[PDB]
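Scroll down for the structure; my scribbles are underneath it.
A, B, ... follow the sequence lines: proteins, then strands. Residue 1 opens every chain.
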Number of protein chains: 2
Amino acid sequence: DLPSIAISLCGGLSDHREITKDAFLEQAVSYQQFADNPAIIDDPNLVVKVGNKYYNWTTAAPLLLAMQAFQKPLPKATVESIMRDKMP
Amino acid sequence: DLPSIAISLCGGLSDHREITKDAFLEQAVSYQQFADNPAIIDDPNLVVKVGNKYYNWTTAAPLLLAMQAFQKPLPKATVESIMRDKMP
């Protein structure tokens with residue numbers, strides 16, 4: 001019931017570029033890849049796809065914590081506020 | 001099937017103290033509390049309980065990202081490695 005999550009190293013947020021599905025998919029991070037290098041989570045090019053939206057880690061973090069701690073997403077208005085504070 | 005997650009502002013990790021269940025529960029963070037102040041995620045006293053273990057946010061982050069991106073936890077040996085790198 002929760003929105004799906006996927007991660008990629010395609011980058012493109014800090015420079016404010018329009019991210020393509022195929023670019024995201026081409027650099028998707030696998031479980032084995034992440035387990036072998038958990039520091040991927042600190043890579044500035046990490047993009048987190050939540051449902052149909054692309055976020056950086058700093059914005060995705062509170063969204064993902066709320067989903068797993070409370071089994072429901074944050075309110076849309078809260079997400080928009082977090083984006084204003086933590087998205088590039 | 002995934003381990004349960006809960007969050008609290010009880011603190012006690014950076015000073016290396018032995019955290020009590022009741023202290024964690026007394027300062028548990030609610031959904032409304034987190035939605036009203038998502039910056040709680042940056043509070044140094046934030047403790048993340050994953051299953052039966054207490055982590056700080058920097059350690060919990062890759063564990064929670066892997067659970068939601070891959071629908072399974074990281075290997076125990078990987079978690080132990082992350083703890084050595086990111087736990088206080």
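- Nearest heavy-atom pair, B:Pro73 versus B:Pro3, reported as atom, atom and distance to 0.1 Å: CG-CD, 4.2 Å.
- When the candidates B:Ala61, B:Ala39, B:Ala77, B:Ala66 are compared by the number of heavy-atom contacts under 4.5 Å with chain A, B:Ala61 comes out ahead.
- With chain B as the partner, the residue from A:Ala60, A:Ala69, A:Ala6 showing the most heavy-atom pairs under 4.5 Å is A:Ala69.
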Put together the list of donor-acceptor pairs under 3.5 Å connecting chain B with chain A, please.
unit_1, atom_1, unit_2, atom_2, d
B:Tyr31, OH, A:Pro73, O, 2.6
B:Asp42, OD2, A:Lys86, NZ, 2.9
B:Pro73, O, A:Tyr31, OH, 2.6
B:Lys86, NZ, A:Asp42, OD2, 2.9

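- Between the CD1 atom in A:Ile5 and the CZ atom in B:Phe70 there is a gap of 11.0 Å [rounded to 0.5 Å].
- Proximity to chain A (any heavy atom under 4.5 Å) is shown, for B:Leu64, by both the backbone and the side chain.
- Contacts between B:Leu63 and chain A at a heavy-atom distance below 4.5 Å are absent for every atom of the residue.
- Contact detail for A:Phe24 and A:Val47: the closest heavy-atom pair is CE1-O, 3.6 Å.
- Contacts with chain B were tallied for A:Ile82, A:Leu74, A:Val29, A:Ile40; A:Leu74 has the most, counting heavy-atom pairs under 4.5 Å.
- No chain of hydrophobic side-chain contacts below 4.5 Å, direct or via other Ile, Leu, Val, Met, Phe, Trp or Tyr residues, connects B:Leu25 to B:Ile19.
- Taking CD1 of B:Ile7 as the start and CG of B:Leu46 as the end, the distance is 5.5 Å to the nearest 0.5 Å.
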